[PDB]
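In structure tokens, the next block holds one chain alone, the form deposited in one PDB entry.
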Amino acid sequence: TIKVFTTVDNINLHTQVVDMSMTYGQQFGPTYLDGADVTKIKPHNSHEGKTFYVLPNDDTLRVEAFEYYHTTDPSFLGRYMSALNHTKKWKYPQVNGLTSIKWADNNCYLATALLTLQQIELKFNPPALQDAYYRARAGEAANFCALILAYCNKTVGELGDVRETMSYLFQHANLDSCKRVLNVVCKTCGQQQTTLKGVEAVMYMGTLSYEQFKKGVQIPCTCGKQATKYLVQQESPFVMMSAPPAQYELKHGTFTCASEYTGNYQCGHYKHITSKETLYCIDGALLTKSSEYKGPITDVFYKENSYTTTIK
């Protein structure tokens, strides 16, 4: 017989003694070692002393699972371990002082999101996400990338959209203090003010330019006549401006980072543009730099703290 450790969070470890005759699935249930399904695998000698991930089978494991992951989905652990099995074999090179991902299994949208998260201020609510976030910034982003896929209900190889991945991650972050006050202007109905909170206060779909959002954009009113919507007040550490892929010029120092999308719908490829001392383009493990940039951009990220418009 061998002595092992079972856990759901890799923190609260539980001591267990197993029988080498019965497989792990008969004694613990669905069991995993470093992302590998060891349910139908009998206990081995190298397995002694190692820590095993198990699906919660009692209330103590269930409670511990929620405190770390903030989910009660019984499929989360398996989807997490299934993604981890791939992400542990990916390469995570340091590029321009940032942790990127060598291209594999259509992970270009994951690398772009990973590079973006290292350049904006964000705090994740699930301790599992925050801990992996920290380790990702230090260069060990395998667990973080697997968690992103599990939280987004995406599998390795699936075609991913960066704007949708960021929105899913934003919903698992503390954006309660983020406030956005808007104002619509219609020739017939008049002027109406709205206040957005949370994820809706930091994301917009329609234009890439934060300045254009401040000046105003044409949105259709409920009466038929076109209206004008502009930003009144913004209280957030950042702002994400999105638009369908189109040719766009990125000026050095006017933005934080941006998402470049080339190719067909869903089947395209992502690249990451970041504004440093000069404009840098990160394509997985490849790095290029230029003083100017013009290309198909679909997301742009800007810095912010507090903004109040001057329009009367």
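Position 1 is the first residue in the sequence shown; the rest follow in order. We call the rigid core whatever largest set of C-alpha positions still superposes within 1.5 Å between the two forms.
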Checklist outcome for this item: Stretch with higher mean Cα temperature factor, 79-87 vs 209-217, is 209-217
Checklist outcome for this item: Avg C-alpha B-factor, entry values, 70-78 vs 228-236, higher side is 228-236
Item to check | Largest Cα B-factor, entry values, listed residues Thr194, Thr165, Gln119, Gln171 | outcome: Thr194
Checklist entry - Taking the Cα B-factors listed in the entry, which of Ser242, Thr112, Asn153, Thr222 comes out highest? => result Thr222
Next on the checklist: Per the entry's values, where does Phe52 land by CA temperature factor relative to the rest of its chain, in the lowest, middle or highest third?
Outcome noted: highest
Item to check | CA B-factor ranking of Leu98, expressed as a third of its chain | outcome: middle
Checklist entry - What third of its chain, lowest, middle or highest, does the C-alpha temperature factor of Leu250 fall into? => result middle
Checklist entry - Is the Cα B-factor recorded for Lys42 in the lowest, middle or highest third of its chain? => result highest
Checklist entry - Relative to the other modelled residues in the chain, which third contains the C-alpha temperature factor of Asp299: lowest, middle or highest? => result lowest
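What follows is about the form deposited in another entry, which we do not show.
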Item to check | Flagged residue of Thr155, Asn96, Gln171, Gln226 - C-alpha shift reaching 2 Å or more between this form and the one not shown, core superposed | outcome: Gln226
Next on the checklist: So that I can tell if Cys186 moves, could you say whether its C-alpha shifts by at least 2 Å between this form and the one not shown after the core superposition?
Outcome noted: yes
Checklist entry - Against the rigid core, is the Cα displacement of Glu249 between this form and the one not shown at least 2 Å? => result no
Checklist entry - For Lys42, is the C-alpha shift between this form and the one not shown 2 Å or more after core superposition? => result yes
